[PDB]
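Below is one structure, written out as structure tokens; the observations come after it.
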Amino acid sequence: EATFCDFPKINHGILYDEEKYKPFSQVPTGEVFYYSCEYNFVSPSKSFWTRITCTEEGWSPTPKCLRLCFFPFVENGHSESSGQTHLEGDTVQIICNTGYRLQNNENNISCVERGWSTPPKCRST
Amino acid sequence: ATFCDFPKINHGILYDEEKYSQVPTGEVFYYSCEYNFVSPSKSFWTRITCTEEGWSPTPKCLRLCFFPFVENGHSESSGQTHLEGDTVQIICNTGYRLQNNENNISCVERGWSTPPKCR
């Protein structure tokens with residue numbers, strides 16, 4: 001427990017009025033900040049601005065910017081996830097057409113921080 | 001019409017933009033909006049189809065406007081995200097104004113019509 005929170009470090013995040021605060025500042029309990037996520041990232045509630053409050057236990061809710069993953073279709077393949085936007089942590093299945101394959105030793109392709117774990121592409125090799 | 005013109009989306013980004021003239025009917029594109037802008041359904045990627053009546057749904061990227069509070073003032077819109085076309089009222093304390101005795105501000109394409117600040 002503490003009387004303060006450290007300034008929030010949010011990966012892929014932007015604070016409202018950022019340029020007005022210092023990164024080593026001690027933020028008192030009860031203080032309220034708002035964060036947004038960079039293009040291609042989203043907050044847990046999908047709200048453009050998310051309120052975060054300094055508590056004795058740290059920032060509440062925990063600030064987080066999750067990667068959005070998408071593909072419109074799969075050339076020489078199919079997926080129920082075609083044209084659907086997925087969140088970081090989601091797994092998608094892709095079935096390739098005859099003579100094509102999704103070369104990876106995993107049954108599912110994951111949406112990770114950097115994007116798709118494996119490209120959503122069926123190859124002729 | 002047998003085709004649609006290539007879509008010009010202000011503050012928009014097409015999926016596989018750096019890959020693509022007249023577009024035939026039935027063709028499907030996906031668009032996203034730049035940071036601070038949003039599609040009408042709020043979806044990150046929006047499917048648009050070329051029809052005999054043009055692009056369906058009509059592609060659009062609307063500005064999002066926000067302020068957490070008003071220093072030396074008040075607003076029912078404090079901590080609320082507003083969409084392009086919305087109007088917001090701000091009441092300033094004792095001897096303060098919003099550039100200047102304007103009282104009401106609106107969310108426009110460039111952002112807030114007047115900064116939400118009581119000076």
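Computed from heavy atoms alone, side chains included, the values below leave out hydrogens, waters and symmetry copies. Chain A is the first sequence line, chain B the second, and so forth, proteins listed ahead of strands; every chain is numbered from 1.
Around the CG atom of A:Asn107, the shell of radius 6.0 Å holds no more than 12 heavy atoms that belong to other residues, nucleotides or ligands. Atom CD of A:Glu75 has 12 or fewer neighbouring heavy atoms from other residues, nucleotides or ligands inside a 6.0 Å radius.
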Given side-chain contact (heavy atoms from CB on, under 4.5 Å), test A:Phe73 with B:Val28 step by step and report yes or no. CA-CA 11 Å; A:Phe73 56 92; B:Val28 173; over 6 Å; no
Evaluate B:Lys117 against B:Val70 for side-chain contact (heavy atoms from CB on, under 4.5 Å), listing each step before the verdict. CA-CA 6 Å; B:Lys117 301 197 157 71; B:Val70 182; over 6 Å; no
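The shortest heavy-atom contact between A:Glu80 and A:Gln84 is O-OE1, 3.7 Å. Contact detail for A:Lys64 and A:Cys37: the closest heavy-atom pair is O-SG, 4.0 Å. Pairing each heavy atom of B:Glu17 with each of B:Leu14, the nearest pair is OE2-N, 3.0 Å. Scanning all heavy atoms of the two residues, the minimum distance from B:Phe67 to B:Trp112 falls at CD2-CZ2, 3.4 Å. Nearest heavy-atom pair across A:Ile94 and A:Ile109 is CD1-CD1, 3.9 Å. In terms of heavy atoms, A:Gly13 sits closest to A:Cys65 at CA-SG, 3.7 Å.
The side chain to side chain contact (heavy atoms under 4.5 Å, CB included) search around A:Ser45 returns A:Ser43, A:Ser47, A:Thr50, not counting sequence neighbours. By the ring-ring contact (aromatic ring centres under 6.0 Å, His included) test, B:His11 is found to be paired with B:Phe37, residues two or more places apart in sequence or in another chain being considered.
Contact of the B:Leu64 side chain with the B:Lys42 side chain is registered, since non-hydrogen atoms from C-beta on lie closer than 4.5 Å. A heavy-atom distance below 4.5 Å is found between the side chains of B:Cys118 and B:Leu98. Annotation: side chain of B:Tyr20 is in contact with side chain of B:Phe6 (closest heavy-atom distance under 4.5 Å).
Remark: aromatic rings of B:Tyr15 and B:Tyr31 are distant, center separation not under 6.0 Å. Aromatic ring centres of A:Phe48 and B:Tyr35: separated by under 6.0 Å.
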Got a list of side-chain donor-acceptor pairs under 3.5 Å for residues 48-59 of chain B, not counting sequence neighbours?
residue: B:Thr51; atom: OG1; partner: B:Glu53; partner atom: N; Å: 3.1
residue: B:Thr51; atom: OG1; partner: B:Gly54; partner atom: N; Å: 3.4
residue: B:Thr51; atom: OG1; partner: B:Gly54; partner atom: O; Å: 2.6
residue: B:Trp55; atom: NE1; partner: B:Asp5; partner atom: O; Å: 2.9

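For B:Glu84 (side chain) and B:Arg63 (main-chain N/O), a donor-acceptor pair under 3.5 Å exists by modelled atom type. One N or O on the side chain of B:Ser75 and one on the backbone of B:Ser77 form a donor-acceptor pair closer than 3.5 Å. Counting only distance, with no hydrogens or angles, the side chain of A:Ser36 and the backbone of A:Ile14 share a donor-acceptor pair below 3.5 Å. Remark: side-chain polar atoms of B:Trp45 are not paired, donor with acceptor, to backbone N or O of A:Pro72 under 3.5 angstrom. At distances below 3.5 Å, not a single donor-acceptor pair connects side-chain atoms of A:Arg123 with backbone N or O atoms of A:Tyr100.
Here the SG atom belonging to A:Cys69 is positioned 12.5 Å from the CZ atom belonging to A:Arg114, to the nearest 0.5 angstrom. Atom SG of A:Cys122 is separated from atom CG of A:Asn97 by 7.0 Å, given to the nearest 0.5 angstrom. Put simply, CG on A:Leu66 and CD on A:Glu113 are 9.0 Å apart, with the number rounded to the nearest 0.5 Å. Rounded to the nearest 0.5 Å, atoms NE2 (B:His82) and OG (B:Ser106) are 11.5 Å apart. Distance check: A:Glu38 CD to A:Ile10 CD1 gives 10.5 Å after rounding to the nearest 0.5 Å. Residue B:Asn104 holds its CG atom at 4.5 Å from CD of B:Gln89, rounded to the nearest 0.5 Å.
A chain of hydrophobic side-chain contacts below 4.5 Å, direct or via other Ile, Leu, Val, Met, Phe, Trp or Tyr residues, connects B:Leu83 to A:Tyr34.
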